[PDB]
file model23.cif (mmCIF, C-alpha atoms)
data_entry
loop_
_atom_site.label_atom_id
_atom_site.label_comp_id
_atom_site.auth_asym_id
_atom_site.auth_seq_id
_atom_site.Cartn_x
_atom_site.Cartn_y
_atom_site.Cartn_z
CA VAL A 1 -68.02 -41.66 -174.01
CA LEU A 2 -66.04 -40.77 -177.16
CA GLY A 3 -66.86 -44.12 -178.74
CA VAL A 4 -63.20 -44.80 -179.40
CA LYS A 5 -60.84 -47.60 -178.48
CA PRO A 6 -57.46 -47.28 -176.60
CA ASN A 7 -55.66 -47.59 -179.96
CA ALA A 8 -57.21 -44.35 -181.21
CA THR A 9 -55.04 -41.70 -182.85
CA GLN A 10 -54.96 -38.08 -181.55
CA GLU A 11 -56.06 -37.04 -185.07
CA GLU A 12 -59.41 -38.81 -184.59
CA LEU A 13 -59.87 -37.17 -181.25
CA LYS A 14 -59.05 -33.80 -182.78
CA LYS A 15 -61.59 -34.52 -185.49
CA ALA A 16 -64.13 -35.51 -182.81
CA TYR A 17 -63.93 -32.19 -180.92
CA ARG A 18 -64.40 -30.32 -184.20
CA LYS A 19 -67.58 -32.24 -184.78
CA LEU A 20 -68.44 -31.81 -181.10
CA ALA A 21 -68.19 -28.06 -181.30
CA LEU A 22 -70.44 -28.07 -184.34
CA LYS A 23 -72.80 -30.57 -182.68
CA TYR A 24 -72.86 -28.92 -179.24
CA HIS A 25 -73.03 -25.51 -180.82
CA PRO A 26 -74.85 -23.69 -177.99
CA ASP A 27 -75.95 -20.42 -179.67
CA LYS A 28 -76.99 -19.74 -176.07
CA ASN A 29 -73.58 -18.51 -174.82
CA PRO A 30 -74.79 -17.48 -171.24
CA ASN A 31 -76.45 -20.91 -170.71
CA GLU A 32 -74.76 -23.68 -172.78
CA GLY A 33 -71.67 -21.62 -173.51
CA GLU A 34 -69.78 -23.19 -170.64
CA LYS A 35 -70.29 -26.62 -172.27
CA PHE A 36 -68.63 -25.32 -175.43
CA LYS A 37 -65.81 -23.89 -173.41
CA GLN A 38 -65.06 -27.26 -171.93
CA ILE A 39 -64.69 -28.79 -175.41
CA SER A 40 -62.66 -25.80 -176.58
CA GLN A 41 -60.29 -25.99 -173.63
CA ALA A 42 -60.21 -29.83 -173.70
CA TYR A 43 -59.45 -29.59 -177.38
CA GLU A 44 -56.74 -27.11 -176.54
CA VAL A 45 -55.30 -29.73 -174.15
CA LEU A 46 -55.37 -32.29 -176.95
CA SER A 47 -53.72 -29.80 -179.19
CA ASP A 48 -51.13 -29.35 -176.39
CA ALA A 49 -47.62 -30.50 -177.31
CA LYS A 50 -46.93 -32.34 -174.05
CA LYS A 51 -50.31 -34.07 -173.92
CA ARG A 52 -49.99 -35.37 -177.49
CA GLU A 53 -46.53 -36.73 -176.80
CA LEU A 54 -47.47 -38.35 -173.52
CA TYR A 55 -50.46 -40.10 -175.11
CA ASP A 56 -48.32 -41.14 -178.08
CA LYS A 57 -45.48 -42.42 -175.94
CA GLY A 58 -47.32 -44.69 -173.49
CA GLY A 59 -50.82 -43.57 -172.66
CA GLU A 60 -52.93 -45.21 -175.39
CA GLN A 61 -53.29 -48.54 -173.53
CA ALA A 62 -54.80 -46.71 -170.55
CA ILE A 63 -57.28 -44.79 -172.73
CA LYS A 64 -60.00 -47.40 -172.13
CA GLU A 65 -62.08 -45.21 -169.76
CA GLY A 66 -61.85 -46.99 -166.41
CA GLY A 67 -64.82 -45.25 -164.83
CA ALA A 68 -64.63 -47.16 -161.53
CA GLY A 69 -63.25 -44.48 -159.20
CA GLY A 70 -60.94 -43.23 -161.93
CA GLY A 71 -62.00 -39.61 -161.65
CA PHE A 72 -65.14 -39.50 -163.75
CA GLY A 73 -66.23 -36.10 -164.95
CA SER A 74 -67.62 -34.67 -168.15
CA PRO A 75 -66.83 -36.12 -171.67
CA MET A 76 -64.14 -33.47 -172.07
CA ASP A 77 -62.72 -33.97 -168.52
CA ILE A 78 -61.13 -37.19 -169.80
CA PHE A 79 -57.69 -35.54 -170.01
CA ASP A 80 -58.18 -33.80 -166.67
CA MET A 81 -58.89 -37.24 -165.23
CA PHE A 82 -55.82 -38.85 -166.84
CA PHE A 83 -53.57 -36.10 -165.61
CA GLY A 84 -55.51 -35.78 -162.38
CA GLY A 85 -53.66 -38.45 -160.40
CA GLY A 86 -50.91 -35.99 -159.67
CA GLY A 87 -52.45 -33.97 -156.87
CA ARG A 88 -55.53 -33.01 -158.90
CA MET A 89 -57.82 -35.87 -157.79
CA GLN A 90 -59.46 -33.49 -155.35
CA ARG A 91 -60.78 -31.30 -158.16
CA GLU A 92 -64.33 -31.08 -159.51
CA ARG A 93 -65.99 -31.79 -162.85
CA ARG A 94 -65.54 -29.13 -165.46
CA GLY A 95 -68.81 -27.26 -165.65
CA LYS A 96 -69.95 -28.38 -162.19
CA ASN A 97 -70.28 -25.27 -159.99
CA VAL A 98 -68.90 -22.72 -162.46
#
call {"tool": "encode", "arguments": {"input": "model23.cif", "output": "structure tokens"}}
result
Amino acid sequence: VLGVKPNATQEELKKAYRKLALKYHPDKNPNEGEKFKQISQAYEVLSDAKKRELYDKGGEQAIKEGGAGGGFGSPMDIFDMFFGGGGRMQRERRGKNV
């Protein structure tokens, strides 16, 4: 979904969300505002110390987007999916029934 390969740097991803926020600029807060929020919060996860480290240490090779029963959600849910195998697989897509 992000158009990036497993060998992508967090910097690119950070850059992507910035563009995403500009691109998915809702200007309709009550309707498309939740979509923005997901990028903002997902971005915030990316900008999270632990998440950056974990990706940097040994996550990159898994960042291929499995899709097949991997916990598919929204484009921003990617991190929620990757960190969802620890008792969070029962959760829902971000922006589903909010």
call {"tool": "closest_residue", "arguments": {"input": "model23.cif", "among": "A:11, A:63, A:75, A:17", "to": "residue A:40", "atoms": "only C-alpha atoms"}}
result
A:17
call {"tool": "resolve_selection", "arguments": {"input": "model23.cif", "expression": "the PyMOL selection byres ((chain A and resi 29-36) around 10)", "output": "JSON, numbers by chain"}}
result
{"A": [17, 20, 21, 22, 23, 24, 25, 26, 27, 28, 37, 38, 39, 40, 41, 42, 74, 76, 94, 95, 96, 98]}
call {"tool": "residues_around", "arguments": {"input": "model23.cif", "residues": "residue A:60", "least_positions_apart": "2", "cutoff": "9 Å", "atoms": "all atoms listed in the file", "output": "PyMOL selection string"}}
result
chain A and resi 5-9+54-58+62-64
call {"tool": "atom_distance", "arguments": {"input": "model23.cif", "atom1": "atom CA of residue A:65", "atom2": "atom CA of residue A:78"}}
result
8.1 Å
call {"tool": "resolve_selection", "arguments": {"input": "model23.cif", "expression": "the PyMOL selection byres ((chain A and resi 2) around 8)", "output": "MDAnalysis selection string"}}
result
chainID A and resid 1 3:4 16 75
call {"tool": "atom_distance", "arguments": {"input": "model23.cif", "atom1": "atom CA of residue A:88", "atom2": "atom CA of residue A:10"}}
result
23.2 Å
call {"tool": "decode", "arguments": {"input": "model23.cif", "residues": "stretch 68-84 of chain A", "atoms": "N, CA and C atoms", "output": "PDB file, in the first residue's frame"}}
result
ATOM      1  N   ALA A  68      -2.036 -12.058   3.316  1.00  0.00           N
ATOM      2  CA  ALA A  68      -2.749 -13.325   3.509  1.00  0.00           C
ATOM      3  C   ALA A  68      -2.920 -13.680   4.990  1.00  0.00           C
ATOM      4  N   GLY A  69      -4.027 -13.217   5.574  1.00  0.00           N
ATOM      5  CA  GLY A  69      -4.337 -13.517   6.963  1.00  0.00           C
ATOM      6  C   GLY A  69      -3.340 -12.912   7.934  1.00  0.00           C
ATOM      7  N   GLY A  70      -2.694 -11.833   7.523  1.00  0.00           N
ATOM      8  CA  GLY A  70      -1.688 -11.209   8.363  1.00  0.00           C
ATOM      9  C   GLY A  70      -2.250 -10.160   9.301  1.00  0.00           C
ATOM     10  N   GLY A  71      -3.515  -9.820   9.123  1.00  0.00           N
ATOM     11  CA  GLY A  71      -4.126  -8.793   9.949  1.00  0.00           C
ATOM     12  C   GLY A  71      -4.335  -7.517   9.169  1.00  0.00           C
ATOM     13  N   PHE A  72      -4.840  -7.668   7.957  1.00  0.00           N
ATOM     14  CA  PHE A  72      -5.060  -6.551   7.051  1.00  0.00           C
ATOM     15  C   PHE A  72      -6.070  -5.539   7.589  1.00  0.00           C
ATOM     16  N   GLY A  73      -5.695  -4.278   7.509  1.00  0.00           N
ATOM     17  CA  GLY A  73      -6.551  -3.202   7.942  1.00  0.00           C
ATOM     18  C   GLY A  73      -6.479  -2.037   6.983  1.00  0.00           C
ATOM     19  N   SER A  74      -6.343  -0.843   7.511  1.00  0.00           N
ATOM     20  CA  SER A  74      -6.207   0.338   6.687  1.00  0.00           C
ATOM     21  C   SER A  74      -4.713   0.535   6.353  1.00  0.00           C
ATOM     22  N   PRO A  75      -4.366   1.478   5.447  1.00  0.00           N
ATOM     23  CA  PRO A  75      -2.962   1.743   5.076  1.00  0.00           C
ATOM     24  C   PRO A  75      -2.101   2.142   6.279  1.00  0.00           C
ATOM     25  N   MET A  76      -2.725   2.763   7.261  1.00  0.00           N
ATOM     26  CA  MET A  76      -2.028   3.222   8.452  1.00  0.00           C
ATOM     27  C   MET A  76      -1.965   2.128   9.527  1.00  0.00           C
ATOM     28  N   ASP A  77      -2.873   1.156   9.438  1.00  0.00           N
ATOM     29  CA  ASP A  77      -2.958   0.042  10.418  1.00  0.00           C
ATOM     30  C   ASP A  77      -1.739  -0.849  10.363  1.00  0.00           C
ATOM     31  N   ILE A  78      -0.931  -0.689   9.314  1.00  0.00           N
ATOM     32  CA  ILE A  78       0.269  -1.510   9.103  1.00  0.00           C
ATOM     33  C   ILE A  78       1.035  -1.794  10.406  1.00  0.00           C
ATOM     34  N   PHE A  79       1.312  -0.768  11.190  1.00  0.00           N
ATOM     35  CA  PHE A  79       2.020  -0.984  12.460  1.00  0.00           C
ATOM     36  C   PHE A  79       1.163  -1.740  13.467  1.00  0.00           C
ATOM     37  N   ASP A  80      -0.116  -1.437  13.499  1.00  0.00           N
ATOM     38  CA  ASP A  80      -1.045  -2.133  14.384  1.00  0.00           C
ATOM     39  C   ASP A  80      -1.087  -3.616  14.053  1.00  0.00           C
ATOM     40  N   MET A  81      -0.983  -3.921  12.773  1.00  0.00           N
ATOM     41  CA  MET A  81      -0.903  -5.299  12.293  1.00  0.00           C
ATOM     42  C   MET A  81       0.398  -5.978  12.742  1.00  0.00           C
ATOM     43  N   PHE A  82       1.521  -5.295  12.538  1.00  0.00           N
ATOM     44  CA  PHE A  82       2.830  -5.851  12.879  1.00  0.00           C
ATOM     45  C   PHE A  82       2.998  -6.079  14.365  1.00  0.00           C
ATOM     46  N   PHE A  83       2.378  -5.245  15.154  1.00  0.00           N
ATOM     47  CA  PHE A  83       2.449  -5.379  16.592  1.00  0.00           C
ATOM     48  C   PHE A  83       1.133  -5.935  17.115  1.00  0.00           C
ATOM     49  N   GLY A  84       0.371  -6.559  16.217  1.00  0.00           N
ATOM     50  CA  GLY A  84      -0.918  -7.090  16.591  1.00  0.00           C
ATOM     51  C   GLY A  84      -0.885  -8.559  16.973  1.00  0.00           C
TER      52      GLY A  84
END
